[PDB]
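Peer 1:
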Amino acid sequence: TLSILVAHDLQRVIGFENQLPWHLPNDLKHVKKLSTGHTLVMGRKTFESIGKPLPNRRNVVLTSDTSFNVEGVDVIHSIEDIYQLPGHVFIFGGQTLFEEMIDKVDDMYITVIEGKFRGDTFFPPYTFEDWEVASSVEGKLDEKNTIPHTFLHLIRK
Ligand SMILES: NC(=O)c1ccc[n+]([C@@H]2O[C@H](COP(=O)([O-])OP(=O)(O)OC[C@H]3O[C@@H](n4cnc5c(N)ncnc54)[C@H](OP(=O)(O)O)[C@@H]3O)[C@@H](O)[C@H]2O)c1
Ligand SMILES: CN(Cc1cnc2nc(N)nc(N)c2n1)c1ccc(C(=O)N[C@@H](CCC(=O)O)C(=O)O)cc1
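Under the authors' numbering, the residues of the sequence shown are numbered 1 to 157, in order.
The following block contains the structure:
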């Protein structure tokens with residue numbers, strides 16, 4: 001299976017100045033639960049903003065840089081390489097990879113952040129006419145998670 005994994009706000013903002021505009025620990029645990037034991041594919045800027053590979057799963061970075069070699073990271077240089085990765089593969093970001101892959105993935109795990117943040121990078125527009133809602137779960141709010149959010153699993157019709 002080839003899936004998108006993304007958190008975007010009410011206007012589809014995903015990032016600002018190579019960081020996330022929000023901090024939402026529940027969403028990072030969502031990422032950890034979905035992706036532990038599988039594969040993440042991310043663009044070079046997304047990788048550099050995380051700084052290190054995420055533990056207990058395969059980290060694949062797409063870059064044109066043939067000098068890229070990071071301990072604990074597999075490197076690919078073409079979109080077509082993604083289709084050779086075995087197992088459950090999550091397209092992890094950022095804007096460039098989401099734009100390149102949204103028409104190719106089987107399904108999307110989207111966290112809708114119910115706020116309007118300042119952004120400079122966006123998830124591409126999509127319509128529910130193309131996507132069935134396999135599940136929709138409101139995130140629980142607490143002291144450490146103060147922004148309303150919803151976990152959507154969307155499957156291509
Ligand atoms: N909210 C979320 O769910 C989420 C998730 C992830 C990231 N983000 C945010 O998204 C933003 C980054 O997005 P972005 O679009 O600027 O960057 P990005 O997609 O993370 O990385 C772009 C880079 O990926 C490489 N790349 C992409 N397509 C390629 C291809 N077809 N062939 C070879 N290399 C390719 C290139 O690297 P080279 O230039 O090295 O060749 C390109 O410069 C940040 O703000 C980050 O915080 C948000
Ligand atoms: C900046 N970044 C990219 C990022 C952030 N939120 C997302 N949220 C969703 N839904 N999808 C993504 N693609 C996504 N990507 C990050 C930053 C930190 C960690 C991280 O430390 N995750 C730990 C969990 C951290 C924790 O337990 O609090 C993990 O094991 O995956 C993940 C991605």
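Even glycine gets a Cβ: it sits at the ideal position worked out from N, Cα and C.
Mapping the DSSP letters down to three states, classify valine 31 as helix, strand or coil.
Peer 2: Translated into the one-based positions of the sequence shown, residue 31 becomes position 31. Helix.
Peer 1: May I have the straight-line CA-CA distance separating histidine 153 from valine 61, to the nearest angstrom?
Peer 2: Stepping through the sequence shown from its first residue, residue 153 is reached at position 153. Stepping through the sequence shown from its first residue, residue 61 is reached at position 61. Answer to the nearest angstrom: the Cα atoms are 24 Å apart.
Peer 1: Determine the direct distance from the alpha carbon of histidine 38 to that of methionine 108, and round the result to whole angstroms.
Peer 2: Here residue 108 refers to the residue found at position 108 when the sequence shown is read from its first residue. Here residue 38 refers to the residue found at position 38 when the sequence shown is read from its first residue. Taking the straight line from one Cα to the other gives about 15 Å.
Peer 1: If we require 4 or more residues per run, which alpha helix (DSSP H) segments fall completely within the region 62–119?
Peer 2: Correct list: 79–82 and 95–101.
Peer 1: Would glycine 139 and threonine 121 qualify as a contact pair, given that the criterion is a beta-carbon distance under 7 Å?
Peer 2: By 1-based counting over the sequence shown, the position of residue 139 is 139. By 1-based counting over the sequence shown, the position of residue 121 is 121. For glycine 139 and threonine 121, no; Cβs fall outside 7 Å.
Peer 1: What would DSSP say about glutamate 143, mapped onto helix, strand or coil?
Peer 2: Looking up residue 143 in the sequence shown gives position 143. DSSP places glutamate 143 in coil when its eight states are reduced to three.
Peer 1: Hey, quick one: how far does the alpha helix (DSSP H) through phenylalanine 47 stretch, first residue to last?
Peer 2: Here the question's residue 47 lines up with position 47 in the sequence shown. Its alpha helix (DSSP H) spans residues 44–50.
Peer 1: Quickly, what does DSSP pair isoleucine 14 with across the bridge? List them, please.
Peer 2: Sequence index remark: in the sequence shown, residue 14 carries index 14 (1-based). In the DSSP output, where bridge partners are listed per residue, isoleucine 14 has none listed.
Peer 1: Can you name the start and end residues of the beta strand (DSSP E) that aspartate 130 belongs to?
Peer 2: Counting from one through the sequence shown, the residue named residue 130 turns up at place 130. Unbroken run through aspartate 130: none, as it is neither H nor E.
Peer 1: Looking at the structure shown, is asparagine 56 part of a helix, part of a strand, or coil, going by DSSP?
Peer 2: As a working mapping, residue 56 is identified with position 56 in the sequence shown. If DSSP states are grouped into helix, strand and coil, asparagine 56 belongs with coil.
Peer 1: Which same chain residues end up closer than 7 Å to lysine 45 when comparing Cβ atoms and leaving out the 5 residues on each side of it in sequence?
Peer 2: Residue numbering aside, residue 45 sits at position 45 when the sequence shown is read from its first letter. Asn18 and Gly94, listed in sequence order.
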